[PDB]
Every structure is written in C-alpha cells, then in structure tokens.
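To start, the structure itself, in structure tokens.
Here is the naming used below: chain letters follow the sequence lines, and residue numbers restart at 1 for every chain. What you see below is based on every heavy atom in this structure, not just the backbone, and it leaves out hydrogens, waters and symmetry mates.
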Number of protein chains: 4
Amino acid sequence: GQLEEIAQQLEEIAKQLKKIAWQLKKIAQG
Amino acid sequence: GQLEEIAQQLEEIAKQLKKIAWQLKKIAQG
Amino acid sequence: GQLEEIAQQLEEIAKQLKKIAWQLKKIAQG
Amino acid sequence: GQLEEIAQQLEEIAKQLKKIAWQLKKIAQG
Ligand code: NA
Ligand code: NA
C-alpha cells in the first residue's frame, strides 16, 4: 500500500515534468 | 539552446523518477 | 511570467520529492 | 539499505531541479 501510493505520486510528478518540458520547447520554438 | 537542453534534462529526470517508481513497486510486490 | 512560474513549479516539485524521500527513510527505519 | 539509497537519489534529483529553477530565473531576469 504505502510504497504503491508513493510510486504513483512519482509517476504523477514525472507527468508534470513532461508537461513543463513541452512548455519550454514551445517557448523555444514558437 | 538552453531551453531545449533544460527540457531534455526534465524529460530525463522524469524517466529516472519512473524507474524509481518501478523499483518501489517491485520492492512492494516481490 | 512564464519562466518564473515554471521555476516555482520546479522548486515545489523538488520540495515534494524531498518529502517523499523522508517518507521512504521513515518506512525503512521505523 | 535499498529504500535509503532510493531516498538519496530523490534528494539528488531535487537538487538538480533546484539548479534548473535557478537557471530559468537567471534567463528570465538577466
Ligand atoms: Na533557449
Ligand atoms: Na518568461
């Protein structure tokens, strides 16, 4: 239970970081 | 350029976090 | 502005990751 | 052992994210 929940939180953070990366690419590219 | 480099590093960190999440799930499940 | 907002979100994610690290250390040590 | 090592990896990632945040702030500010 608790490790699975922490793992899920890490997966959500990874998704958030991928969103930020996309946003930075769009700023760079226009 | 710098934003492209940073975006790449964020994608790489996201991948690392997913690998850590996987290891946590492995520890939990056996 | 957008880079300031993103920087803030990265700092917030960093804080979250440290909180998760702390929880893992707590689980390990009891 | 293994949870402590994972926690340390998360702390290093948090430090890396703080570096990126600083870099973005410096880009924004000049
Ligand atoms: Na750039
Ligand atoms: Na900006």
Exercise for the section: Against chain B, label A:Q29 side chain, backbone, both or neither, depending on which of its atoms sit under 4.5 Å from a heavy atom there. Expected result: side chain

Handout entry: B:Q8 vs A:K25 side-chain heavy atoms within contact, under 4.5 Å
Key =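 Counting from C-beta outward, B:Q8 and A:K25 never come under 4.5 Å.
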
Problem - Nearest atoms (heavy-atom pairs only) where A:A28 meets B:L3 - result: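 Scanning both residues, the minimum pair turns out to be CB-CB, 4.0 Å.
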
Rounded to the nearest 0.5 Å, what separates atom [atom1] in [X] from atom [atom2] in [Y]?
X     : Y     : atom1 : atom2 : value
A:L17 : B:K18 : CG    : NZ    : 11.5 Å
A:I6  : B:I20 : CD1   : CD1   : 12.0 Å
A:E11 : B:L24 : CD    : CG    : 10.0 Å

Handout entry: With A:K26 via salt bridge (charged side-chain N to carboxylate O under 4.0 Å, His left out) - residues at least two apart
Key =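 Checked A:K26 against salt bridge (charged side-chain N to carboxylate O under 4.0 Å, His left out); zero matches.
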
Handout entry: side chain to side chain contact (heavy atoms under 4.5 Å, CB included) involving A:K19 - partner list, sequence neighbours excluded
Key = A:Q23

